[PDB]
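Novice: First, the structure itself, so that you have it in front of you.
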Amino acid sequence: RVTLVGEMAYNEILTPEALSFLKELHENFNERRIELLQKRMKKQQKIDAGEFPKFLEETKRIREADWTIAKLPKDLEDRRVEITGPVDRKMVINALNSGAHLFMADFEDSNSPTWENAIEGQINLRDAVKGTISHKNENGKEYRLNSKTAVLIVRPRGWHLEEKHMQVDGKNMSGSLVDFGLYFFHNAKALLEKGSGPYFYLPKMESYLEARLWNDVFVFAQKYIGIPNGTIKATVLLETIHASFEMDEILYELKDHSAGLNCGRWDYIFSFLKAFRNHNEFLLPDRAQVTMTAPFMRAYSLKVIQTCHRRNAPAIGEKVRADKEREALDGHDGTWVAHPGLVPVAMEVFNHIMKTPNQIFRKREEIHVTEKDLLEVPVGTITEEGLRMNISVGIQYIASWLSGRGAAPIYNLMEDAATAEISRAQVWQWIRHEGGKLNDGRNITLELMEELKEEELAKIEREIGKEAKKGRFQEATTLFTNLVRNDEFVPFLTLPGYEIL
Ligand SMILES: [Mg+2]
Ligand SMILES: [Mg+2]
Numbered sequence: 152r153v154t155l156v157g158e159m160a161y162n163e164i165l166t167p168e169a170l171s172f173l174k175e176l177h178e179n180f181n182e183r184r185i186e187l188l189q190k191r192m193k194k195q196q197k198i199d200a201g202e203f204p205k206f207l208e209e210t211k212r213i214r215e216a217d218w219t220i221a222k223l224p225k226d227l228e229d230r231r232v233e234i235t236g237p238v239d240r241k242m243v244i245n246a247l248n249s250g251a252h253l254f255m256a257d258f259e260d261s262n263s264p265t266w267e268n269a270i271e272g273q274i275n276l277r278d279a280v281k282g283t284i285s286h287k288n289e290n291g292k293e294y295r296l297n298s299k300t301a302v303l304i305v306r307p308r309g310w311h312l313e314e315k316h317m318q319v320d321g322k323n324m325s326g327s328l329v330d331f332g333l334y335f336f337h338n339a340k341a342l343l344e345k346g347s348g349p350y351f352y353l354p355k356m357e358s359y360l361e362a363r364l365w366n367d368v369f370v371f372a373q374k375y376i377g378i379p380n381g382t383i384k385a386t387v388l389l390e391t392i393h394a395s396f397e398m399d400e401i402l403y404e405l406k407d408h409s410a411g412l413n414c415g416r417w418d419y420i421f422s423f424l425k426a427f428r429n430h431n432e433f434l435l436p437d438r439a440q441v442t443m444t445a446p447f448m449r450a451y452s453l454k455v456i457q458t459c460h461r462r463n464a465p466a467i468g469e470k471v472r473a474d475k476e477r478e479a480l481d482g483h484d485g486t487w488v489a490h491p492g493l494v495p496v497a498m499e500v501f502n503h504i505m506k507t508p509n510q511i512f513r514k515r516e517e518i519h520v521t522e523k524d525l526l527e528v529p530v531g532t533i534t535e536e537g538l539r540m541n542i543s544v545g546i547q548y549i550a551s552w553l554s555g556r557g558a559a560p561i562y563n564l565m566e567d568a569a570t571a572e573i574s575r576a577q578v579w580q581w582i583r584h585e586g587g588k589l590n591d592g593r594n595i596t597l598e599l600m601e602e603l604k605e606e607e608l609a610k611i612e613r614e615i616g617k618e619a620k621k622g623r624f625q626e627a628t629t630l631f632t633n634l635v636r637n638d639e640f641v642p643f644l645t646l647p648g649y650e651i652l
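Using this note's numbering, you'd call the opening residue of the sequence shown number 152 and step up by one each time.
Okay, structure coming up:
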C-alpha cells in the first residue's frame, strides 16, 4: 500500500498510472539500494583499517576485454558544452536556451529537495518536453523555449536520499527512483518521437554494483513501457574516490545504456576527504589550491579520458579559460558551466581546440595512471581566508538550501550542495588535525572556528540585511556547527538537512 503524504496540477504528474509504476520500482529495487548503502559502511571499516581502494583482481577480465559501449544517439555525439541548473521553471528555460549542447536538469545537488520542488520540477520538465513551458514576469514578459534547445538530461537524487513524502508500506521511496521514474514515465515516449531519448546523469556512485542497480532499473523501465532495451542513455558522474578504481567496471555494468563519464571537482575532493577522514596524512590545503592540475586530480581526469575513449564513450570535464583549454588539450569531449553567461567562454575554447564533434579517437595511450597516482595527497597551505570562506559559504549555502534554493549565487559563484560539503568537510578536518593550523601558525581550534564564525555571520548580515534573517540563517548556522563539531562525520549534510528542511 502506497501513501502520498505531501501537500498538493500535481495530480497530473502523480496519476494512478505513474504511481503504479513508482510502486513497482520501489518493490523491485529499493531493498537493493538499501543493501548497497550498507555495503558502503562495511567498505568504510575496511578503509579505516588501512585497506585502500584498488584495481579489483576479480574484474580483471572486464578490463582486458575489448568491448565498447553501445552506439550513442546522434544528439549525444557532440557535447562540447553542457550547462547544469535546477528544475526551477525559469532556470530550465534559460539553460535550455543557453546555446549549450546539453542541459543537465538537476533534481540533485543544485536542487533543494522540497516536495514542491520535486513535483513542480517534473511539471516543468514535462512542459519543457511538450514545448508549453513558460515563465511569466509581473512586467508581462513570458520566457519560452527556442525551437531547438540544448538536449535534456536529468540528474536524480543519489542513492542515499529518500523521498519522505511517498511511502510504500510505511517505507520512504527512493529519491533516485522517484526523480528518474516520473521523468521517464511521463517523457520517454515523447522524447523518442522528437528524435531524442530518456537521458540521465547518474550521481555519487561508489561501486560498480551501484552501476548495475541503475542498469537493472533501466531494463525494467523500458520493458514496463515497452520500448527497446538500450534506449535509455546515462552519463555517470565519476565523482567519488571509490569510483576512480572502478571506472571501467561502471561503464561495463551500464554498457548498453551508457553515454560515458563526467569529472568533477568538489564532490570528488569531498569524497576523498570523507573516505580518508581517519587517515592522519590525508590533510588537505585550502580547497581553492586543490585544482585540476593537483597530481591526484590530474591522474583522475586522465584516467577518465583514457577509460572512456577506450570504450568509445565521451569523457566530459583567464584561469577559467586556461582550465577549459587544459581539458580540451587533455582530451575531454566537452565541459560544464553552471550559468548561461559562461557558455560563450566554454564554447570558444572547445570550438578552437575541438573542431571534431568529439575526440573519442584520442586514446591517451602514452599515459599510465597507477593506484598511488590516484591517492596522492595534495600539498598547499591552509589560510585564514580559506577558513573564513569555508565557514561563510557553508552557512550561506545551507541557508539558501533550507529556503528552497539549492542553486546559490555566492560571491558570484553558482554554488550547489557539493560546495557546502567540501566547505563543512574541510572545517571538520582542520579543527581536528594536529596539522590543522593557519598559514600564520594559529591553531585551528573550536574556539577560533567559533570566533571566525561570529565575524563571518556579522559580515553576512551586513551584505544581506537583517530581514534577509528570514533566510533560515539561525538553522543553517546550527546545522553547519553540528556538522563540524560532531566527531562521527555525517556522510552528506543533506541527510540531517532533509529532516529539518
Ligand atoms: Mg556532483
Ligand atoms: Mg587511519
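Virtual Cβ for every residue (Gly too), placed ideally from N, Cα, C.
(1) Look at the alpha carbon of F433 and the alpha carbon of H393, and state the distance between them as a whole number of angstroms.
(2) Starting from the N-terminal side, write out each stretch of the alpha helix (DSSP H) that is 4 residues or longer and does not extend beyond the stretch 359-415.
(3) Rank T219, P204, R462 by C-alpha distance to the C-alpha of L525 and give the top, closest one.
(4) Just the Cα atoms here: how many angstroms apart are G537 and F423?
(5) When the Cα atoms are used, what is the spatial distance from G468 to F640?
(6) When every heavy atom of ligand 2 is checked, does at least one fall within less than 7 angstroms of the C-beta of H430?
(7) Which residue marks the beginning of the alpha helix (DSSP H) containing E233, and which one marks its end?
(8) Could you tell me which whole beta strand (DSSP E) segments of length 3 or greater appear in the stretch 210-295?
(9) Name the DSSP bridge partner or partners of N594?
(10) Can you tell me which of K425, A497, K610 puts its alpha carbon nearest to the alpha carbon of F643?
(11) Taking the alpha-carbon positions, what's the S261 to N268 distance?
(12) Would you identify the three-state DSSP class for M505, choosing helix, strand or coil?
(13) Does ligand 1 have a heavy atom nearer than 7 angstroms to the CB of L223?
(14) For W365, count the other beta carbons within 10 Å of its own beta carbon; 16 or more makes it buried, fewer makes it exposed. Which is it?
(15) Return yes when the C-beta of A569 is under 7 angstroms from any heavy atom of ligand 1, and no when it is not.
(16) Work out the CA separation of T154 and residue 654 for me, nearest whole Å.
(17) Which residues share a DSSP beta bridge with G485?
(18) Apart from the five residues just before and just after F631, which ones in its own chain have a Cβ nearer than 7 angstroms to its Cβ?
(19) Can you list, in chain order, the residues of its chain whose CB lies under 6 angstroms from that of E313, leaving out five sequence neighbours each side?
(20) Tell me whether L155 sits in a helix, a strand or coil according to DSSP, three-state version.
(21) Based on DSSP bridge pairs, tell me the residues matched to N297.
(22) Answer yes or no: do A464 and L553 have a C-beta to C-beta separation smaller than 8 angstroms?
(23) With the cut-off set at 8 angstroms, would you say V243 and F258 are in Cβ contact?
(24) For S325, which three-state DSSP category applies?
(25) For residue 113, tell me which candidate among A160, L646, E182 has the shortest Cα-Cα distance.
(26) Is there at least one non-hydrogen atom of ligand 4 closer than 7 angstroms to the beta-carbon of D320?
(27) For the alpha helix (DSSP H) containing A169, name the first residue and the last one.
(28) Please tell me whether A466 and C459 are closer than 8 angstroms, where the distance is taken between their beta carbons.
(29) Do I234 and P491 have their C-beta atoms within less than 8 angstroms of each other?
(30) Relative to the C-alpha of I573, which candidate in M448, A410, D437, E478 has its C-alpha closest?
(31) Counting beta carbon pairs with one atom in the stretch 219-232 and one in the stretch 291-300, are three or more of them shorter than 8 angstroms?
(32) Is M317 helix, strand or coil when you go by DSSP?
(33) Since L353 sits in a beta bridge, which residues does DSSP pair it with?
(34) I want to check one thing, is the minimum distance from the CB of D260 to the heavy atoms of ligand 1 below 7 angstroms?
(35) Distance check for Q625 and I615, CA to CA, integer angstroms please.
Specialist: Let's see:
(1) Position 282 of the sequence shown, counted from the start, is the residue given in the question as residue 433. Position 242 of the sequence shown, counted from the start, is the residue given in the question as residue 393. Taking the CA atoms as reference points, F433 sits about 15 angstroms from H393.
(2) If we require 4 residues or more, the alpha helix (DSSP H) runs fully inside the stretch 359-415 come out as 359-376, 398-404.
(3) Residue mapping note: residue 525 aligns to position 374 of the sequence shown, counting from 1. The candidate whose alpha carbon is nearest that of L525 is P204.
(4) Working through the sequence shown from its first residue, we reach residue 537 at position 386. Working through the sequence shown from its first residue, we reach residue 423 at position 272. Distance between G537 and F423, taken at the CA atoms: about 18 angstroms.
(5) Position 317 of the sequence shown, counting from 1, holds the residue named residue 468. Position 489 of the sequence shown, counting from 1, holds the residue named residue 640. Straight through space, the alpha carbons of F640 and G468 are spaced by roughly 29 angstroms.
(6) Reading the sequence shown from its first residue, position 279 is the one you call residue 430. Result yes, Cβ under 7 angstroms from ligand 2.
(7) To locate residue 233, count along the sequence shown from 1; it is residue 82. Note, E233: premise wrong, no alpha helix (DSSP H); beta strand (DSSP E) at 232-237.
(8) Correct list: 232-237, 253-257.
(9) Stepping through the sequence shown from its first residue, residue 594 is reached at position 443. According to DSSP, which records beta bridges pairwise, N594 is partnered with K588.
(10) In the sequence shown, the residue the question calls residue 643 occupies position 492. With distances taken between Cα atoms, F643 lies closest to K425.
(11) Taking the first residue of the sequence shown as 1, we reach residue 261 at position 110. Taking the first residue of the sequence shown as 1, we reach residue 268 at position 117. Distance from the CA of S261 to the CA of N268, rounded to the nearest whole angstrom, comes to 11 angstroms.
(12) For the purposes of this step, residue 505 is taken as the residue at position 354 of the sequence shown. Looking at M505 - three-state DSSP - the assignment turns out to be coil, as it is neither helix nor strand.
(13) Numbered from its first residue, the sequence shown carries residue 223 at position 72. Proximity of the beta carbon of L223 to ligand 1 is not indicated: no heavy atom of the ligand is located closer than 7 angstroms.
(14) Reading the sequence shown from its first residue, position 214 is the one you call residue 365. With 16 or more other Cβ atoms inside 10 Å of its own Cβ, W365 counts as buried.
(15) Looking up residue 569 in the sequence shown gives position 418. The beta carbon of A569 sits closer than 7 angstroms to at least one heavy atom of ligand 1.
(16) Absent from the model: residue 654. The displayed extent of the chain is 152 to 652, so no value can be given.
(17) On the sequence shown, position 334 is the one that residue 485 refers to. In the DSSP output, where bridge partners are listed per residue, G485 has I467.
(18) The sequence position of residue 631 within the sequence shown is 480, counting from 1. Contacts found: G545, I546, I549, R575.
(19) Position 162 of the sequence shown, counted from the start, is the residue given in the question as residue 313. Only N323, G326 meet the Cβ criterion.
(20) Position 4 of the sequence shown holds residue 155. Strand.
(21) The sequence position of residue 297 within the sequence shown is 146, counting from 1. According to DSSP, which records beta bridges pairwise, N297 is partnered with nothing at all.
(22) Sequence index remark: in the sequence shown, residue 464 carries index 313 (1-based). Sequence index remark: in the sequence shown, residue 553 carries index 402 (1-based). Remark: C-beta atoms of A464 and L553 do not approach each other more closely than 8 angstroms.
(23) Residue numbering aside, residue 243 sits at position 92 when the sequence shown is read from its first letter. Residue numbering aside, residue 258 sits at position 107 when the sequence shown is read from its first letter. In this structure, the beta-carbon distance from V243 to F258 does not fall below 8 angstroms.
(24) Position 174 of the sequence shown, counted from the first residue, corresponds to residue 325. Annotated three-state conformation of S325 is strand, per DSSP.
(25) The structure shown does not extend to residue 113, since the chain is modelled only from 152 through 652, so no value can be given for it.
(26) Ligand 4 is absent from the structure shown, which contains only ligand 1 and ligand 2.
(27) As a first step, residue 169 is located in the sequence shown; it is residue number 18 there, counting from the start. That run of the alpha helix (DSSP H) goes 167-199.
(28) The residue you call residue 466 lines up with position 315 of the sequence shown. The residue you call residue 459 lines up with position 308 of the sequence shown. With respect to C459, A466 sits close: the two C-beta atoms are nearer than 8 angstroms.
(29) Indexing the sequence shown from 1 puts residue 234 at position 83. Indexing the sequence shown from 1 puts residue 491 at position 340. Yes, the pair counts as a contact, with Cβ atoms nearer than the cut-off.
(30) Start at 1 with the first residue of the sequence shown, and residue 573 comes out as number 422. Ranking the options by Cα distance to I573, first place goes to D437.
(31) Fewer than three pairs of CB atoms, one per stretch, sit closer than 8 angstroms, so the stretch 291-300 makes no contact with the stretch 219-232.
(32) The count along the sequence shown starts at 1 and reaches residue 317 at position 166. Of the three classes helix, strand and coil, the one that applies to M317 here is strand, per DSSP.
(33) Translated into positions along the sequence shown, residue 353 becomes position 202. BP columns for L353 point to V387.
(34) Walking along the sequence shown from the start, residue 260 turns up at place 109. At least one heavy atom of ligand 1 is nearer than 7 angstroms to the Cβ of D260, so yes.
(35) What you label residue 615 is simply residue 464 of the sequence shown in a count that begins at 1. What you label residue 625 is simply residue 474 of the sequence shown in a count that begins at 1. Between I615 and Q625, the C-alpha separation is close to 14 angstroms.
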